[PDB]
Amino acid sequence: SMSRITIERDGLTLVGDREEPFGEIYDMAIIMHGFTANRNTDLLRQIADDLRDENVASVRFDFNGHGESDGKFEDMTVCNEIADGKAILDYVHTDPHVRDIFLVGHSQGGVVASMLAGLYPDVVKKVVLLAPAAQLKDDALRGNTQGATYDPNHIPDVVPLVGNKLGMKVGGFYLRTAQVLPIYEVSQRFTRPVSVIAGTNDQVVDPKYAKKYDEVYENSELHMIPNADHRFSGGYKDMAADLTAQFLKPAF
């Protein structure tokens, strides 16, 4: 609650949490959650904590339509999450305490991060992608998003989600926009260091997508964590966050 911060994007309020090390000058990471998640998953909090222990500040926001941020979930698109990310980047870049800026994203957040870094390759210093969900485009082209199915050529106004996500409804604009989203093309513009982290037992996102990220980036590392799942649950959590912190540890 001391950590609570808010910014505006187009008349929507985005709510986040800021973590800071002691001192007057520090690097900062923008940490981005995935589709249907929020800013306070175990993994994102572990990443924020490890970064803080290395003198790296962080902010983690709920994207529009998620958690405490404004907007209906059905009005969210990957594109306006990128716009959210840009508002956050304005906030961070304007801060007098902040030196270098990093992007960290998990699952769909990894797509937002990767594309935001492709739009700001001269500003973002380093990027970490954890199980980036670049599958979401092919999923949308197949008519199957998180087990919910629909006609990929007659996308209805809204598609109700299934399973653990019963009450919620994904927007048709999200699906139509995901079908044509230039994920790898825009991400490729980033030539600074990237670490990609994925689990060999990822059942949600085929790790061939993580591999393709590693292929197209001029300057990447790929970290296949043996037997890790998509969520990096259990001990995998600490592995992922550790790799993240190792990669972002500044040579101040």
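Residue positions are given as counts along the sequence shown, with the first one as 1.
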The stretch carrying the higher mean Cα B factor in the deposited entry, 201-209 or 23-31, is 201-209
As the entry reports it, the stretch among 150-158 and 118-126 with higher mean C-alpha B factor is 150-158
Based on the PDB entry, the highest CA temperature factor among the options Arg176, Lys72, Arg142, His106 is that of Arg142
In terms of its chain's C-alpha B-factors, the third that includes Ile7 is the lowest
Binned into thirds over the chain's modelled residues, the C-alpha B-factor of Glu81 lands in the lowest
Temperature factor at the Cα of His223, chain-ranked in thirds, falls in the highest
Among the modelled residues of its chain, the C-alpha B-factor of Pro96 falls in the third labelled highest
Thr36: CA temperature factor from the record, placed by chain third, in the highest
